[PDB]
There are 2 protein chains.
Amino acid sequence: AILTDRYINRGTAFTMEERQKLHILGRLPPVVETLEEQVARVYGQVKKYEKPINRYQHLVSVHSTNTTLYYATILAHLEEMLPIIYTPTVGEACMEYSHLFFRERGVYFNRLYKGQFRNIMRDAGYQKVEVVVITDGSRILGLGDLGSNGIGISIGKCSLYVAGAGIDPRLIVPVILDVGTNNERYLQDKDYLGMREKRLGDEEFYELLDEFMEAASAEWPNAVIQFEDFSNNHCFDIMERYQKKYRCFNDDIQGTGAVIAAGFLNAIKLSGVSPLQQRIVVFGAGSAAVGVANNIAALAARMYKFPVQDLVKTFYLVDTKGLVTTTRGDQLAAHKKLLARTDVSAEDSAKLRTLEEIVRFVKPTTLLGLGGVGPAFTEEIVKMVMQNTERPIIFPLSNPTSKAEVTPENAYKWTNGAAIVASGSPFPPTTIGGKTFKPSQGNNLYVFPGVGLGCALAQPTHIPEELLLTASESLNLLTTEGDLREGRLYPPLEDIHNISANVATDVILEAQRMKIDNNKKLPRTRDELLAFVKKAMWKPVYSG
Amino acid sequence: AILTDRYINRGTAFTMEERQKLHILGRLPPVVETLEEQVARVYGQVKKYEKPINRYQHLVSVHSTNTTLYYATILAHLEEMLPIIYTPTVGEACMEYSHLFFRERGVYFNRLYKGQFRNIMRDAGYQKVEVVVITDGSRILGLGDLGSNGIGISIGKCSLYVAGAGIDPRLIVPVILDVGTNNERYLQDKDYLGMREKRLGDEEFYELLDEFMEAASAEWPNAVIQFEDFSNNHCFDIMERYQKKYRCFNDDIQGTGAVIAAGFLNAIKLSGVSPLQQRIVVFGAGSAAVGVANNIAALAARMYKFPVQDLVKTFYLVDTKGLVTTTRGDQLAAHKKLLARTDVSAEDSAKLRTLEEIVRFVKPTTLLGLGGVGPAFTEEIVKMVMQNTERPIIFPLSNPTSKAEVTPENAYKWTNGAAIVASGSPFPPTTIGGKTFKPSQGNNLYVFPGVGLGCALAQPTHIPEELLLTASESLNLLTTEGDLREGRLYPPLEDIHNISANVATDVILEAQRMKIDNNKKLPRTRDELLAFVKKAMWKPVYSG
Ligand SMILES: O=C(Nc1cccc(S(=O)(=O)Nc2ccc(OC(F)(F)F)cc2)c1)c1cc(F)cc(F)c1
Ligand SMILES: O=C(Nc1cccc(S(=O)(=O)Nc2ccc(OC(F)(F)F)cc2)c1)c1cc(F)cc(F)c1
């Protein structure tokens, strides 16, 4: 009974005396382990499996049986587990092994339940829910429509709030809004269990998502609503529609830009080449890429009080046509106009089409890789940036590893160790003349859990851009003089509870400053607040 | 809540109306399936996995989530699932993936709990337990001592009673008696959770197993105690110690011989060469091999009332020295003396050492392979048996497939389709001149579940050899004139519920005849009893 409840089950960590008192002697093998010992054992069971998917499968069974031991194992091996319990293994689990999510707590909405969303939420009988992750399985990167099987993404993202910021696992809810799927295999699959129809048009999409947002605000009024893995046709428009009326954010848009900005500003500090001296090529010009550039500018403006106009003029935006300029003769998308050069002639614009010739002309000190078109940061291009700065900042952020603008290894090799690198993926260290270099990974885990924990405590009426900017600055500042001396751009991933506690404290203080905080119990000074936030976090240890 | 209880959970088989009434709308994807549809889906999820162990792993997750759907899938695909859910996959799961059994109901005994066995049983809080499978992980075949990890064998054997004879899954208990392990890897393994010591001596072994047998008879008085996968130093002695005082049997010894005897007698019928005309080489002379020969003799004596002495003289026992004879000049083990030739000279015995020369001299009509020494039934040997009968009976029963005396394919090929074959493993059909041949598999599943179900209903004071002989004859008789016309030696495996119902009926009637039956509610005429037994069986269908 104790054993069959994954929240209180301790398995072999029940002492002999506990086993007699609880009447479970002879329900376990006789060895008694500490949690630490159970973690080392589970870690061995995981590494016995070869393929990421089989490792995920084993971990799902641990989560089903002993939740405390699951989260304890993730926290002890976080850098190594991350690619198994989320991107990119979780997407493969959704696409071909969706049965791995059947047993998980989860809430399914579709048009058949129109008008009943609030009843379905009430019926789930959750207490004071703090975090709700919602997807429609459409995919931010637009690859592999998962439809209903998108529930696996919400389940995996919810587990990262629990591991990263000690959101209590009983107080988090994964949600799929099934509005159909354009996945042709799934539409013909006899074993697809979701709505077997093409994705709904915008009017019906927004009718169901409006009902979702209103139901959640009434039935789960304490919750942060986080949008995950929505396609580009909707994700930006969703934030515009809801950002002021509901407590909501989108991690792919707002999280990514907070994390990259914090790392980029620490790269600037190590470079010696100060922010107004940086010449930054933004390779890629989607809404997301422009969003990150704007987040870098907003952060440098907050931290340093340079005029934001002067920071915007450090950016050279490159789209598929070439350098984005006002003299190019094309009609620019709204999002490209802000970062468009005003200082480049029509004649020069005509000769600024390939990344090689753009780099030669611009003489950048930074390359930001947000391009999603493979390895465009060639050896020749990296050698040219070496002419312009002693410390080239090179950020190949396009995912996955095959779409990356350059390998950290090549970046370090070509610069003889001078490159300051951040990556969107983990990479092993590179050694050059006995000296070791490792890229700093801008993982989204640095920001969303702390935002969730801060918004859970502070209960703000909404999440304005001030709170994401505060979280970005908080993260930047947690990189210690020592971390910086070793070339690290972020605090260490394995210190995520402390990082989340700090990010959360800083978010609450910003909400208090703006007077949007609904929880009057919280300390309002940083030292006392930080202590309070750390005590509020759920810890994966045997409690009782 | 309904969903988290594996006994009542129906998953997607809950109708839309049921989902509203039970307040679980939005806890499932929206498709509604019948059980049949769920089975086809689970069957596809299983075949997506390549290796037997990964298939077992998926099935363990089904068993954990929806028990009705698990048993429904096994029953629909029984011949194909059998090698995944028991021998030989289950042993590999015990040896290297013992975590697959952690979540299962199971009872662990060891010397540390001496004097508390009855308290541990009471504390498990089972109702009217019907079947208890116990092992010590020593292994009947003496390969791969599993120690504590032997619990996986008891768990898999218990699932075969539920699938085979509709023992209610709540009324069956898997047990490991951990008396240590001689597995050197395990003794040094930091993740072994069992008693980390060499196997106890006989005196302490029997102290703990006596306490087990007495505790079970008091706390689980309705149960059949089945011994599984005990080593040869103990398994025979255990039956001698307990057979009269407790309701117990050993499937490896008693089950195997019941199944092989039933098949062998049907092989005799197809051969035309009647039982007193058979000349049978018993290749292998362990206690087990001799037990099977004695079970064949006892069955032919029951069915046909030939003097058993005349049946015993149809057997030519071959041990590692050669033909077992009284003139050989060695001191015979007790178990070999019964089947020893009295009709062969010292001089002939000296020239009867190789199987080839023994076959040439004996001119057998049957070869029984119980030898465990690879493929000794050579083409030359099979050609010689063709000189002695138009229908050679060839039974390569040694496990696994590599230790087998001959492949059914070779047997059929070498005899041009004349061979009557039973196997200890499933084999695909062989086609010769457009005519198809398939060996009859003597699976233990034909007998133990029906014995368990019969002993569960009849509640006999004990299980004397009469009840195993009745079960053997029952099985033999269920092979229909039609089955026999197609060369089948057993009723079809997929008809296991009917086979178990019949075997059980016949066992009860024998217990009633002997007046050892404690349940006075049962019909005492076969037609009415059979109907009653079928109604008592738990069925893997959604009930409520
Ligand atoms: O908790 C139980 N058993 C247990 C036996 C050994 C060890 C442990 S443990 O908690 O100490 N370790 C552990 C756990 C589960 C894991 O995942 C996996 F392997 F089961 F998939 C891995 C390790 C736990 C248990 C739970 C029940 F609901 C019923 C029951 F009868 C037993
Ligand atoms: O039963 C639940 N979900 C379910 C979702 C789709 C289908 C089904 S099903 O029962 O129709 N099929 C099915 C099942 C489990 C299987 O095994 C495996 F994949 F989970 F390992 C395979 C198939 C079942 C469920 C159980 C809970 F305890 C909590 C919860 F929130 C949901």
Side-chain angles (χ1 to χ4, degrees), chain A residues 1 3-4 11-12 16 20 23-31 33 37 40-42 44-45 48 54 57-58 60-62 64-66 96-100 102-103 105-110 112-113 116-117 119-125 148-149 151 175-176 178 190-196, chain B residues 1 3-4 11-12 16 20 23-31 33 37 40-42 44-45 48 54 57-58 60-62 64-66 96-100 102-103 105-110 112-113 116-117 119-125 148-149 151 175-176 178 190-196:
Chain A
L3 298 170
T4 60
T12 60
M16 280 303 167
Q20 329 205 75
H23 299 302
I24 61 173
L25 198 70
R27 296 342 288 273
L28 295 159
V31 160
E33 285 164 312
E37 289 181 314
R41 173 162 56 71
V42 171
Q45 292 170 357
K48 197 158 195 161
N54 295 313
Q57 185 175 211
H58 183 59
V60 155
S61 282
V62 191
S64 258
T65 295
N66 184 349
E96 314 282 4
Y97 302 81
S98 62
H99 61 265
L100 291 173
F102 287 173
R103 123 101 76 222
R105 264 205 201 74
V107 185
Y108 297 77
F109 298 102
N110 57 60
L112 303 172
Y113 311 154
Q116 306 181 64
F117 285 18
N119 292 318
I120 280 163
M121 294 181 185
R122 179 181 309 103
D123 275 2
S148 185
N149 292 348
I151 189 69
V175 175
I176 181 68
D178 191 344
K190 177 199 286 146
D191 293 334
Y192 185 62
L193 300 180
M195 299 295 305
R196 192 190 299 284
Chain B
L3 298 170
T4 60
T12 60
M16 280 303 167
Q20 329 205 75
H23 299 302
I24 61 173
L25 198 70
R27 296 342 288 273
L28 295 159
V31 160
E33 285 164 312
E37 289 181 314
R41 173 162 56 71
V42 171
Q45 292 170 357
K48 197 158 195 161
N54 295 313
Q57 185 175 211
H58 183 59
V60 155
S61 282
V62 191
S64 258
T65 295
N66 184 349
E96 314 282 4
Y97 302 81
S98 62
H99 61 265
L100 291 173
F102 287 173
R103 123 101 76 222
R105 264 205 201 74
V107 185
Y108 297 77
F109 298 102
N110 57 60
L112 303 172
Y113 311 154
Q116 306 181 64
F117 285 18
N119 292 318
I120 280 163
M121 294 181 185
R122 179 181 309 103
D123 275 2
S148 185
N149 292 348
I151 189 69
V175 175
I176 181 68
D178 191 344
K190 177 199 286 146
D191 293 334
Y192 185 62
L193 300 180
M195 299 295 305
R196 192 190 299 284

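To find a chain, count down the sequence lines: A is the first, B the second, and so on, and within it residues start at 1. Just so it is clear, the values below take in all heavy atoms, side chains as well, and ignore hydrogens, waters and symmetry mates.
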statement: Value for CD (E33(A)) from CG (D191(B)), rounded to nearest 0.5 Å, stands at 7.0 Å
statement: Note: vs chain B, highest number of non-hydrogen pairs under 4.5 angstrom among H58(A), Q20(A), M121(A) is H58(A)
- prompt: With distance as the sole test, does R27(A) use its side chain to make a donor-acceptor pair with the main-chain N or O of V107(B) at under 3.5 Å?
  reply: no
- prompt: Most heavy-atom pairs under 4.5 angstrom with chain B, which of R105(A), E37(A), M16(A), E96(A)?
  reply: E96(A)
query: Where do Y113(A) and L25(B) land on the side chain to side chain contact (heavy atoms under 4.5 Å, CB included) test, with the steps shown first?
result: CA-CA 9 Å; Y113(A) 311 154; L25(B) 198 70; 3.8 Å; yes
Exercise: identify the closest heavy-atom pair between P30(A) and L112(B): CB-CD1, 4.4 Å
- request: Check whether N110(B) gets within reach of chain A through its side chain, its backbone, both or neither, counting any heavy atom under 4.5 Å.
  value: side chain
Contacting moiety of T12(A), where chain B heavy atoms sit under 4.5 Å: side chain
field: Between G44(A), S64(A), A1(A), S61(A), the one whose heavy-atom pairs under 4.5 Å with chain B are most numerous
entry: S64(A)
task: Enter the distance from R41(B):CZ to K190(A):NZ here, rounded to the nearest 0.5 Å.
output: 12.0 Å
- request: Identify which of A124(A), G125(A), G11(A) forms the greatest number of heavy-atom pairs closer than 4.5 Å to chain B.
  value: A124(A)
query: Which bit of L28(B) is near chain A, if near means a heavy-atom gap under 4.5 Å: side chain, backbone, both or neither?
result: backbone
field: N/O donor-acceptor pair under 3.5 Å between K48(A) side chain and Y97(B) backbone
entry: no
Residue part contacting chain B, namely of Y192(A), when any heavy atom lies under 4.5 Å: backbone
